[PDB]
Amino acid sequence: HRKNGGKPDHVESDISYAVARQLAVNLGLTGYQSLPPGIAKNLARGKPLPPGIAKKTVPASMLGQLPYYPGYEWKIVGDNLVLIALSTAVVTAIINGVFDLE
């Protein structure tokens, strides 16, 4: 059936997670390790990715299916999908859990 989203209080976030998770799973990009505890749930939109935290490359197959904004790039951060401004590493959108184990 369809995924029961409960209350429609963040419908666009639900849609965004669902397609990112479909991409990750169907491309074999699951099982990524989460960020260290203390860092994990604490990325902040409008601030740079914390120092010493890896941002890994998202494959072209997946980047073809996510929106493209000149001057920004989608990255894997822990098990999350994160759009980051090039150069400043300013976190711009965060979709959590996309690359978690299945």
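A residue's number is simply how far along the shown sequence it sits, counting from 1.
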Entry-level comparison of average CA B-factors, 32-40 and 60-68, reporting the higher stretch: 32-40
18-26 set against 5-13, stretch whose average Cα temperature factor tops the other in the entry: 5-13
For residue 80, the third of its chain into which the C-alpha B factor falls: middle
Residue 92 CA temperature factor, ranked by third within the chain: lowest
